[PDB]
Amino acid sequence: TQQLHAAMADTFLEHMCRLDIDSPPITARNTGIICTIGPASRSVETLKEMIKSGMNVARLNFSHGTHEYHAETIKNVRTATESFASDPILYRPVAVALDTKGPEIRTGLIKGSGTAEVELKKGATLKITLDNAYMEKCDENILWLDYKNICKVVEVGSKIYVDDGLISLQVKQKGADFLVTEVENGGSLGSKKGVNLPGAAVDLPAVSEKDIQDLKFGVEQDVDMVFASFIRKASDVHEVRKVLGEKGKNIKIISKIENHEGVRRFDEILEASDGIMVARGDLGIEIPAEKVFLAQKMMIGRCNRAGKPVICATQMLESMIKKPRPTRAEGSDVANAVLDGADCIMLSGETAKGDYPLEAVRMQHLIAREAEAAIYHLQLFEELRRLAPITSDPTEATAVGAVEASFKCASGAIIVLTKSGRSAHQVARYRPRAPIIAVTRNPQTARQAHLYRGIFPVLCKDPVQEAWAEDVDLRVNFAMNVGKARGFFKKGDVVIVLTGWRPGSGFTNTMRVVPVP
Amino acid sequence: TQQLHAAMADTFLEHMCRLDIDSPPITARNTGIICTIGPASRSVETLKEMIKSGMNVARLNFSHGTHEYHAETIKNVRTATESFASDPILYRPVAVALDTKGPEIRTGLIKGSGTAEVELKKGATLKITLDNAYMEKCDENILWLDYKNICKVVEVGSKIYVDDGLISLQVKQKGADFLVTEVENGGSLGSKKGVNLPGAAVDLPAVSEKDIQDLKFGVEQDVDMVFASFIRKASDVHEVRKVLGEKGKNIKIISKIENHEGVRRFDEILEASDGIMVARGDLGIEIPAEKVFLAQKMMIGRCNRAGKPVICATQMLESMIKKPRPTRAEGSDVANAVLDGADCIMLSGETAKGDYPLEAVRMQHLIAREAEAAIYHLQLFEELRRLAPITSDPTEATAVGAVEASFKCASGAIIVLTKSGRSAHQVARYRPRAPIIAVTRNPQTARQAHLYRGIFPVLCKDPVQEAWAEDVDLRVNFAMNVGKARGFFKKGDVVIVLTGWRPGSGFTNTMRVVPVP
Amino acid sequence: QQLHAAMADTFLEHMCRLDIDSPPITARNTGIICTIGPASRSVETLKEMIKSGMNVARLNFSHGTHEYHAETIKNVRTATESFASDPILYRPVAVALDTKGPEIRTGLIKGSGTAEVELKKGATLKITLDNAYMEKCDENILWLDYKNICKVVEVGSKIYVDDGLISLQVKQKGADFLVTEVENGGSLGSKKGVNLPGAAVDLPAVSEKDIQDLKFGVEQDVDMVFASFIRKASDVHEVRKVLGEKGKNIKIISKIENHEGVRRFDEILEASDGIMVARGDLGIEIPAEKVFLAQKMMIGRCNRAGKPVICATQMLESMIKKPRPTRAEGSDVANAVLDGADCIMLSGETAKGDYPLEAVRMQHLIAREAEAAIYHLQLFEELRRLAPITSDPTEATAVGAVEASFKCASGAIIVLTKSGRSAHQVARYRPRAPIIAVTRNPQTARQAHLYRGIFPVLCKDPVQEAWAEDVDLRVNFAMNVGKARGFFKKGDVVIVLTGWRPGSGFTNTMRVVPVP
Ligand SMILES: O=P(O)(O)OC[C@H]1O[C@](O)(COP(=O)(O)O)[C@@H](O)[C@@H]1O
Ligand SMILES: [K+]
Ligand SMILES: [K+]
Ligand SMILES: [K+]
Ligand SMILES: [Mg+2]
Ligand SMILES: [Mg+2]
Ligand SMILES: [Mg+2]
């Protein structure tokens, strides 16, 4: 079970050789799953099913849709989520996340001559305009764009990419408010398609006027986190902080790395941010596709060092938009992202618009769980302690002790009482085998807990009933019942418990090794 | 260059964190590239371009096509390959590989049409027959199959999969020579589509009468290797050995692992075989898709221990059958396969029938080269020596010494004179950074060299000098010119040279550290 | 404490980073065992020896009467309890009984016990068992304890006397005599120990005398037993039985002094509570060049098993006559600590030498330096990695604490323990920080000295009814000890191990706590 044979080896290579397909994993799955919501998944009925299939976070893409639209999506997410609230043992919190539009460039709409896509051929000419007369009249000869200053920041010989890095154009003649291009590799062109300009100093702000309105709207709507698009530098993260302000100060900022500058200035940005997203969609166009995996693994590694959450994002199961089963490359991708050490994995189109949203969620669930069993915990934990800077913070030291104690007795779980979430985050960064049941009365820290690997948030709805000693015992026992119910352990099993010496954040300092009643 | 900063770190995690997208790789690419040939790549003109793009091995799929068809494909491969033979410094050998049909189950034809198709809907009924009356009369109601004993080895409630696991059927009623099934997830059904029956003891032989004819044909046609389908056990590998016989005794057998039994009995099989293919297509249907990555990494690891070649096979760039650029998951897949430690990577539909065969080959080239730079050579080599069993074979000991010496002086290459190929294979298993230029007069060992990572085969066409001392020097200098031409090193650089004390296989025992003239 | 040295990624880089100008911490973890005799028997010097660092007092029952030893114990306890008025500064001191064992000794030379005879290379020497000569030994005739010597010794066999310094070759076997040629000679004294390597000596591991002494040890309330010449687990079991239920808490340390003992070491370690690497006899019984191998093997296996190991004999011989040790001797002590010994021992150096206090102080000083020089990351890492997964909560709590101690660089690990086991379990994982073991049981306080890094601390206060405040009282007592002995200051961070209720076996609670 869980490949305990594999994780005993003295070398990576021997660990690899000892991997076993007939060794099933544990029922707990630690890597969080972020699902983009859209047409295919917006209904309360399928949201309920998606929660059941494994969805932990719901992503709202503000590159599309109105504030009215998104408001209703949130409504439904919360309806479906709270539909399970009657049984607080089985209730899974579900976070809400706002992805910004950012400084993205998009095309206009095509004619609507018979079929509203247009074939672009290799060698053909294509004139790009900014003339608003053509913004809903695009075709094989004329194409309109969002970006006003495109002519100022693009040379002759520059490359332009129109959709998901599939269409490529070379600029032959710069104009005042137009361009003439040759189609390099073509294909069919749809409407409102994202445009990339690698190796060009685009002057669009990381936080537009629209982006501000949306962020302010996010604060209003009580979102849990923000996925900030096209973060180039720490200054950009600071703008987002300010816009959220004091009302939205507890909202986590996850900076999306989508471009070359972002990768270059990554450390700067990680420090300013609460977390990171490896946004491969734009990244794989903005830099050479072959270099993405390097950027991915670098960022995941540095995030794991820093103890901040990292998300692996785009095209993890593209195939499944149209098919009920993913490719072999796609199964590989998910598994490796978990092994790289990602806290969360994401689905966008696969769940926003595809034909098989539930299968895709379930598949991510299944692979992540397998991949987690395949992790070489001795080498990882060992390397993480060894890189952990000696400090006299008692929470920090208690966390490491617990994780260490968890391996030693092969605990069924690490139970952690936490108000702000931080006590559980601190256990998570040292990456235990066992699941971290984070008990809390704060429903926001419960939802935000999903960002960190291995935390199963658990919302105590019981009142602060008795004296703080029995209030702890109540909360511990609640977690104890959760674990028994969800199948993490049985009566008689051994379990690690983290508590404080008194109420309030910052006072966690007590580890107990306790049998399950 | 080559991420020499990354490979200096003391931990895997610090190595990861030190990965750099702005550190370009070396011009040498070590992982071999195997391309399946078909309609899109059969022409001599595109074969020439594919050789130039990076193709090292040409795969012939004997699950389709006649002996006459394949004979002509081989003809063209050899035409295109020998088209570069005029300049033996720049001539790249190109191997020919025969993939067997194996014990595969296929459907019949729909309406006498090769490509007409029928919609199968979720919930609908579908009757499966073995009655040969329907073998070219398949439709939404009746479907014919190859497999005679299907009814004997399948239960009610069993699952049946058609077309790369995309169609799924549940058996509701077993008959004598028929079955009644409910379509679980549907789609459109074409002709001669492969069928899988996971969790079923299928009794078809690993080597059919057709398979024998094809193998005998392979010997006739002078193929370099055999990819044996659906190898369940060592006994099966032995059957293939015997059929090749004494005439085909130098033909390498690569066992394809495509099923559960094959994985269970993998050690058995690796020992009997010259190499292994991780055939994910059938494997990912025959076992749960989530478990493939485990099977992949296990097999690659054990192959690297044993020093035998391993190939990562199917759907590595599926997207690129229809698109000029791959998904993010697909770039990830290739890179990780190289990092896992695969000797070769493969393309199937991507080059046999897709719209972008050349782009796909080039992409594999590019990623493999990047991934190779990202390898943590100190930990890998260190783990491989440490696992290398003390033995008094001088070739073995000389190989390790050379690799070790290569790292120590950061050699531009390891030059190896080899007749059978084995001396170069022995250097390859210890995985040097530097490329292995294998000089040989035997054009078969030159072609077969592509199976092992980091070997650049080089065919000496010059005649044998009588003074075996100058015959060595001639051959060494030839390699020296190759390396200078292909940009592996310059005059003044340092280089490792492996020679024997006399002519014949088995006498390599001499390592020299030599400056490039 | 060489925190620079213990950060390196290789042993070799760790070595290269060693620094003589980096001073150690005031805590010294390796226990010090001192043999008592003429030079150290007085209450006045015992007090000074306690102050110099003595943790255990060894009583050698190969010499002296029960009356003699009874008085030694009396004095040890007098001197020890002389500091009892201040329980913060009171250091427990254990009493240990080393058995005579199956040892062979010569007789006396003339009507004067302490006269000597020159034995010369090449000369003949007749060995008798005839009791007529037992006080009439000389250069021509020599008497022995061992009755069956003639039955278990060949012609050409080698016989050794006086710590292997005299060697004899047997030329002619007799019925109750032997004729030998002196190989390398020297002067021969009285009642000198004899060794017969490569000979199946049939003396029992537990003689009639040994039984009387063990029973006497139980009577006198000794803390541990150093059992001589243990050849096998069966021998350890005999000693267990003789101690019986009255002496069941007395720890048995098996002394490995011979070839069979090393051969059957695992067997013996399992049966025993601890081990002594008794190099004196061992280095004669096996080739002297192989001792270091036996030493390091045994220390390693003991550290794996989590049982105490003692490095014993001739660690500072030089200092019997001189105020300063040799360079080889300083090296020996340091390496024994680095090998991983829980305790180091002095026999002659303190039993009869001219400089007992200097010798104790020197062992103190070197041990402390050597402890600072330990590569804790590699050691702890290797010990966890070899620690067998188990659902015992004490075990898991111990490892967690040690791990937590490194993480916050704690000033100490405080452990409340009744039987001692909770503290022993922290010790086996070898923290940098000192383990302050609080206990009301004065025997477990004394026996705590066997394990490295445990500073035993005897709570004399009575039991509070509210077990919660009784814990807090005991924790605060340790807190004051540490402040007094200079292990930490107010504001420092400290690990605390407690139970959920009274009794042995219920330790399961680790708290990271600031010093008040
Ligand atoms: O170390 P030991 O002998 O197993 O005893 C540990 C015991 O000490 C305590 O922490 C304190 O209680 P006591 O006063 O009974 O020693 C217990 O809770 C625990 O069971
Ligand atoms: K967006
Ligand atoms: K085939
Ligand atoms: K003795
Ligand atoms: Mg984007
Ligand atoms: Mg197949
Ligand atoms: Mg002795």
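Here chain B follows Swiss-Prot, giving residues 15-531 in order.
For all residues, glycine too, the Cβ spot is worked out from N, Cα and C.
Considering B:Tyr105, B:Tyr161, B:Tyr466, the record held by Swiss-Prot lists B:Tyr105, annotated as phosphotyrosine. Swiss-Prot annotates B:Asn75, B:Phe76, B:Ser77, B:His78, B:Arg120 as ATP-binding residues; of B:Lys173, B:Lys186, B:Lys188, B:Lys207, the candidate listed for that same site is B:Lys207. When B:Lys135, B:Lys151, B:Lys433 are compared with the annotations in Swiss-Prot, the one labelled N6-acetyllysine turns out to be B:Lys433. Of the candidates B:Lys141, B:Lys266, B:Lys504, Swiss-Prot records SUMO2 cross-link for B:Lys266; the remaining residues carry no such annotation there, which does not rule it out for them. For the annotation SUMO2 cross-link, the record in Swiss-Prot points to B:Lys270 among the listed residues B:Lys206, B:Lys230, B:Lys270, B:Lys336. In Swiss-Prot, the feature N6-acetyllysine is attached to one residue out of B:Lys247, B:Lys305, B:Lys422, namely B:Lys305.
Checking B:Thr41, B:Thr405, B:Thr459 against Swiss-Prot for the annotation phosphothreonine singles out B:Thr41.
Under 6 Å, Cβ to nearest atom of ligand 4: this is the test, and of the recorded positions B:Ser97, B:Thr114, B:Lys207, B:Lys270, B:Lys498 it is passed by none.
The CA atom of B:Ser77 (K(+) binding site) is located 10 Å away from the CA atom of B:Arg120 (ATP binding site). Each residue in B:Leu74, B:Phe76, B:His78, B:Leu112, B:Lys115, B:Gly116, B:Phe241, B:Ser243 lies on the same chain as B:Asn75, B:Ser77, B:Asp113, B:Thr114 and has a C-beta within 8 Å of the C-beta centroid of that K(+) site, without being one of the site residues. Rounded to a whole number, the C-alpha distance linking B:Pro403 (4-hydroxyproline) with B:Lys266 (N6-acetyllysine) is 24 angstrom. Within its own chain, B:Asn70 (L-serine binding site) has B:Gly46, B:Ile47, B:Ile48, B:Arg106, B:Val108, B:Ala109, B:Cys358, B:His464 as residues 6 or more apart in sequence whose C-beta sits under 8 angstroms from its own.
Shown are the recorded positions B:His78, B:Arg106, B:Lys498; of these, the residue with the fewest other Cβ atoms within 10 Å is B:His78. The recorded positions shown are B:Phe76, B:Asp113, B:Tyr148, B:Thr195; of these, the one with its CA atom nearest the CA of B:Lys66 (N6-succinyllysine) is B:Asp113. Nearest by CA distance to B:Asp113 (K(+) binding site), out of the modified residues B:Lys62, B:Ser97, B:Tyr105, is B:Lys62. When the Cα positions of B:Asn70, B:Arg106, B:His464 are compared pair by pair, the longest gap among these L-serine-binding residues is 10 Å. Compute the center of the Cβ atoms of B:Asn70, B:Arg106, B:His464, which mark the site for L-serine; besides them, the chain residues with Cβ within 8 Å of that center are B:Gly46, B:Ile47, B:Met69, B:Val71, B:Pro107, B:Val108, B:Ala109, B:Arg461, B:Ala463, B:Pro471. Among the recorded positions B:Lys62, B:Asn75, B:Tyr105, B:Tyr148, the residue whose Cα lies closest in space to that of B:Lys266 (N6-acetyllysine) is B:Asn75. With the fewest other Cβ atoms inside 10 Å of its Cβ, the least crowded of the modified residues B:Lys266, B:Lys270 in this structure is B:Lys266.
Ranked by CA distance from B:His78 (ATP binding site), the modified residues B:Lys62, B:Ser97, B:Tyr105, B:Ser127 have B:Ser127 at the top as the closest. Highest local Cβ density among the recorded positions B:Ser77, B:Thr114, B:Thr195 belongs to B:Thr114, counted as other Cβ atoms within 10 Å over all protein chains shown.
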